[PDB]
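Asker: below: the sequence, then the experimentally determined structure.
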Amino acid sequence: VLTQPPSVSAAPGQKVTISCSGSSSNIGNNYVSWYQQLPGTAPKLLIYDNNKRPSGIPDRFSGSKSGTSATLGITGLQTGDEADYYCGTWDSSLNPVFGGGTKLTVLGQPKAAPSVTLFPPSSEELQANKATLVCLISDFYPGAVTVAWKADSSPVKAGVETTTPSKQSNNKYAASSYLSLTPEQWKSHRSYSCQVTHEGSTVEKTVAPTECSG
Amino acid sequence: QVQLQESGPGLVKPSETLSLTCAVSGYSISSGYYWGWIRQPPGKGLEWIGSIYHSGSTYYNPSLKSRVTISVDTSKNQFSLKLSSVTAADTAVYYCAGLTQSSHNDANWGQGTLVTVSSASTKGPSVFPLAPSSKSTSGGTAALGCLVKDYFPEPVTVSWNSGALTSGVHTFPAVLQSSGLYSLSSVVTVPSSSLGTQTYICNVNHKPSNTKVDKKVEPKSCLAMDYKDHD
């Protein structure tokens, strides 16, 4: 009922606008508000009463209203602005109505290689006749990797659970992969490796049941 | 200031009735112009559910087929949502929200609560320490963590040093395994030198089940206690 572009992108430092169009019965007659939503977070009020900012919202955000449409302006675009943005107002029946949402992408972010940390099974887990290797993958960009496990030199496909990468605060992504083994399999190999491939390049980590660092 | 906070079981069986409450603080609930519920299914936009006004009038989204009830309890200073005969279409994050005045649309919003509609049973997690090692040592820092294994449903909350540690702390998004249970890991980066002289514990809370537990996470010693171990 309220329409905004499903997506917008722009380079850092630039000014971007997002609009939602409605009718004289909804937007035309009412205050519009704007919400920012970062990954896994509740919508955050940016603009209310068409153009007011709540305390703590920076003046890089602004609201305006032209007829039966409303517009959110964002200046000095930062990677931290990447989010979904929604307009909200009252519909002609006086009930809440929201735009469909606009996904804002900040272009030209530099490639960043994944940091990888691999943990062997804990002694407690082994004692419970179970074994999990934990491969934690962080701080990469773009947010796509593929993960391969090896037992000694041979590929292991079974017992692998890997997450789709998800956005973090720094707009660097994170992901994890878990390999399930029997305590015997763990204790029978020279080692196991988690191999993370990101944009053509592979970062690898290895753990062995022989390890004892202290 | 005015604060809203949702409560509810994170799990409801199909066809059962979802019951949530919104605790209002910093405000007398009967004063509010408007209280309401909004929800958001995974990866979708925001959907209005229903409303109650100062006058006590209630309005609900027609697409919700008389399944919605919203009430205000002034003695507890909270309002509620009841949504009957749920299906998997009702799996969503649910938000309580409110407007203190008719003359402004600066709404107050809760944090949101995840509701999973599933016949699968609630399962508390098994927690395991992830000991710091030379391999997990980079620079002067050391990674240690906690493996929170096989729970249902989301979410789990993990805290290090009872909130007192927040820097370098990364709690990863959970995996949904083919078994249908979740696992996640929380890692904290610390100074290498503090490893011998600092207590590190992860506090794991799975609200849906009644699971609270905390694992000690400490270095593995690689010297036998019953032999001379120093020059």
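Answerer: Sure, I can see it. Numbering: from 1, shown residues only, chains lettered A, B, ... in the order given.

Asker: got the contact list for the residue nearest the centre of chain B?
Answerer: Nearest to the mean C-alpha position of chain B, by C-alpha atoms, centre = their mean, lies residue B:155 at 4.7 Å. Residue B:155 makes contact with B:10, B:114, B:174, B:207 under the criterion C-beta atoms under 8 Å, 6 or more residues apart in numbering or on different chains. For the C-beta atoms, the positions are set from N, CA and C on the backbone; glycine is no exception.

Asker: and it, which helix or strand is it part of?
Answerer: Under the criterion DSSP states H and E, no helix or strand holds residue B:155.

Asker: where do the helices sit along the chain?
Answerer: No chain in the question, so chain A it is. A:123-127, A:183-186 (DSSP state H).

Asker: for chain B, find the nearest of the ones you listed.
Answerer: Closest to chain B of those is helix A:123-127 (C-beta to the nearest C-beta; 4.9 Å).

Asker: chain center to the closest one, what's the gap?
Answerer: In terms of C-alpha atoms, centre = their mean, to the nearest Å, the centre of helix A:123-127 is found 33 Å from the chain centre.

Asker: check contacts around residue 91.
Answerer: Chain wasn't specified; assuming chain A. Neighbour list for residue A:91: A:1, A:25, A:26, A:97 [criterion: C-beta under 8 Å, 6+ apart].

Asker: wrong one, I was asking about chain B
Answerer: Residues in contact with residue B:91 (C-beta under 8 Å, 6+ apart) are B:41, B:42, B:115, B:116, B:117, B:118.

Asker: give me the number of residues near the first one?
Answerer: The local packing count at residue B:41 equals 14, with neighbours defined by other C-beta atoms under 10 Å in any protein chain shown.

Asker: my guess is it contacts residue B:92, does it?
Answerer: Yes - Residue B:41 lies in contact with residue B:92 (C-beta atoms under 8 Å); the separation is 4.4 Å.

Asker: anything in contact with each of the two?
Answerer: Jointly contacting residue B:41 and residue B:92 under the rule C-beta under 8 Å, 6+ apart are residue B:47.

Asker: can you name the farthest residue from the center of chain A?
Answerer: Largest centre distance within chain A, by C-alpha atoms, centre = their mean: residue A:188, 38.0 Å.

Asker: and it, how far from residue B:189?
Answerer: Taking C-beta to C-beta, to the nearest Å as the measure, residue A:188 falls 32 Å from residue B:189.

Asker: again, but for residue A:154
Answerer: Separation of residue A:154 from residue B:189 (C-beta to C-beta) stands at 33 Å.

Asker: and the two? which has more neighbours close in?
Answerer: residue B:189 (19 against 8).

Asker: pretty sure the more buried one sits in a strand.
Answerer: Yes - using DSSP: H, G, I helix; E, B strand; the rest coil, the assignment for residue B:189 is a strand.

Asker: contacting residues for the residue nearest to it when sequence neighbours are not counted?
Answerer: Sequence neighbours aside, residue B:168 is the residue nearest to residue B:189 in space, at 3.2 Å (criterion: C-beta to C-beta, 6 or more residues apart in numbering or on different chains). Going by C-beta under 8 Å, 6+ apart, residue B:168 touches B:141, B:188, B:189, B:190.

Asker: go on, residue B:131?
Answerer: Residue B:131 makes contacts with A:122, B:144, B:217, B:218, B:219, B:220, as judged by C-beta under 8 Å, 6+ apart.

Asker: try 10 Å
Answerer: If a contact means C-beta atoms under 10 Å, 6 or more residues apart in numbering or on different chains, then residue B:131 has A:119-120, A:122-123, A:213, B:142-145, B:217-220 as its contacts.

Asker: now, of the residues you listed, which are buried?
Answerer: A:119, A:120, A:122, B:142, B:143, B:144, B:145, B:217, B:218 (16 or more other C-beta atoms under 10 Å in any protein chain shown).

Asker: of the residues you listed, closest to residue A:40?
Answerer: residue B:145 (19.9 Å; C-beta to C-beta).

Asker: helix or strand: which one has that closest one?
Answerer: strand B:141-151.

Asker: can you give me how far that strand is from the chain middle?
Answerer: Put simply, strand B:141-151 sits 18 Å off its chain's centre (C-alpha atoms, centre = their mean).

Asker: can I get it as CSV, trimmed to CA atoms?
Answerer: Taking C-alpha atoms only, strand B:141-151 is exported to CSV below (Å, rounded to 0.1, in the frame of the first residue of the first chain):
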residue,chain,number,x,y,z
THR,B,141,46.0,-12.3,22.5
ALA,B,142,44.4,-15.6,23.1
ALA,B,143,41.0,-17.0,21.8
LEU,B,144,39.0,-19.1,24.2
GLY,B,145,35.3,-20.0,23.9
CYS,B,146,32.2,-22.0,24.5
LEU,B,147,30.4,-24.5,22.3
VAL,B,148,26.7,-24.4,22.8
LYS,B,149,25.4,-27.6,21.3
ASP,B,150,22.1,-29.2,20.2
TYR,B,151,19.3,-26.9,21.4
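
Asker: so is it next to chain A?
Answerer: Yes - part of strand B:141-151 sits near chain A under the criterion C-beta under 10 Å from any C-beta of the partner chain, namely B:143, B:144, B:145, B:146, B:147, B:149, B:150.

Asker: isn't the fifth one up against residue B:215?
Answerer: What it means is residue B:147. Yes - counting by C-beta atoms under 10 Å, residue B:147 does reach residue B:215; the two are 8.9 Å apart.

Asker: what's the nearest residue to residue B:187 if we skip its chain neighbours?
Answerer: Excluding the flanking residues, the one nearest residue B:187 by C-beta to C-beta, 6+ apart is residue B:145, at 3.8 Å.

Asker: show me what contacts the closest residue to residue A:23 other than its chain neighbours?
Answerer: In space, residue A:23 comes closest to residue A:68 once its chain neighbours are excluded; the distance is 5.8 Å by C-beta to C-beta, 6+ apart. Taking C-beta under 10 Å, 6+ apart, we find residue A:68 in contact with A:20, A:21, A:22, A:23, A:24, A:25, A:26, A:27, A:28, A:29.

Asker: show me the contacts for the fourth one.
Answerer: Listed by C-beta under 10 Å, 6+ apart, the contact partners of residue A:23 are A:1, A:2, A:29, A:68, A:91, A:92.

Asker: which single one of these is nearest to chain B?
Answerer: Closest approach between the contacts of residue A:23 and chain B, by C-beta to the nearest C-beta: residue A:91, at 8.8 Å.

Asker: returning to that earlier point: among the contacts of residue B:168, name the buried ones.
Answerer: The neighbour count (16+ other C-beta under 10 Å) marks B:188, B:189, B:190 as buried among the contacts of residue B:168.

Asker: thanks a lot, see you next time.
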